Amino acid sequence: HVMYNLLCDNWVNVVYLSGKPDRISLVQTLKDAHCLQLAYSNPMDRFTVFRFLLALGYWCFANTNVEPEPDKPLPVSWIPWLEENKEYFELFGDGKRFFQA
Amino acid sequence: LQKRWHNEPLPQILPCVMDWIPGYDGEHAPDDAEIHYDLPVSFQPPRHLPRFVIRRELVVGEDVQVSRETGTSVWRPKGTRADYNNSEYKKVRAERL
């Protein structure tokens with residue numbers, strides 16, 4: 001078949017504070033969320049990216065009851081929780097798809 | 001700093017925009033640095049990447065010296081009013097006489 005997961009494959013372009021632009025995946029993004037910045041040419045693109053990130057954080061907090069703290073990369077037990085349900089973030093799958101019908 | 005005419009108004013401050021500079025002491029981007037999307041990669045399917053941008057200022061007289069314009073700007077017809085007192089005309093008149 002065709003395999004493409006949000007976490008496994010690099011699809012978010014960011015820029016680090018050291019001046020190096022890069023494209024990374026979802027698992028690397030929230031692992032180092034305190035050392036980079038989202039960089040999108042169209043402002044609506046980065047606004048919707050931030051909104052989806054906030055909604056995902058809200059769901060994971062609702063299912064882990066951990067409140068994020070400032071200056072931390074992210075609260076612990078969020079990356080393993082997102083790895084628990086990695087099949088849900090599927091694109092070009094067979095029966096399970098993300099944001100599709 | 002070139003000028004163009006005599007009463008050309010001038011600014012006391014010259015703002016300048018500069019690319020950020022690495023060096024591993026301030027390896028992280030400073031607080032007063034904005035982000036510009038002007039790092040070119042490709043042109044036909046145009047591709048641009050972010051670049052950190054810093055701002056500074058300059059003052060005329062201490063860093064840049066004000067220059068002066070060259071040539072003549074305002075054009076006027078010659079229209080020389082005749083004079084009957086200088087030596088050259090006084091000799092030309094006698095030569096004609």
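Of all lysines in the structure, those lying under 28 Å Cα to Cα from residue B:90, and not within fewer than 8 positions of it along the same chain, are B:78. Normalised by the number of residues in region B:33-74, the average gap of Cα pairs under 8 Å and 6 or more apart makes the relative contact order 31 percent. Using a 10 Å Cβ count of at most 16 others and DSSP loop calls, identify the longest part of chain B lacking such GluC sites (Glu not before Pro). It works out to B:28-61. For chain B, the C-alpha radius of gyration divided by 2.2 N^0.38 Å, with N the number of residues, is 2.33. Over chain B, Cα pairs under 8 Å with separation of 6+ residues give a relative contact order of 33 percent.
Here the protein assembly as shown carries DSSP beta bridges of which approximately 95% are antiparallel, counting only pairs with both residues inside. Taking the square roots of 5 times each eigenvalue of the Cα gyration tensor of region A:33-84, largest first, gives ellipsoid semi-axes of 22, 13, 10 Å. Taking a ≥ b ≥ c as the square roots of the eigenvalues of the Cα gyration tensor, region B:19-66 is classed as oblate, since a/c reaches at least 1.5 and a/b does not exceed b/c. Partner shielding of A:11-18 amounts to 3, given as the average count of beta-carbon atoms from other chains within 10 Å of each residue beta-carbon. Determine one quarter of the surface area of the Cα convex hull of region A:1-64, which equals its mean projected area, and express it in nm² to one decimal. Answer in nm², one decimal: 5.6.
Going from the fewest other Cβ atoms within 10 Å to the most, the residues A:22, A:9 appear in the order A:9, A:22. Inverting the pair-averaged 1/r between distinct Cα atoms of the protein assembly as shown gives 23.6 Å as its Kirkwood hydrodynamic radius.
Every number here is computed from the coordinates shown, using simple stated rules; none is lab data. Cβ coordinates were reconstructed from backbone atoms using ideal geometry, including for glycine residues, and neighbour counts include every protein chain displayed.
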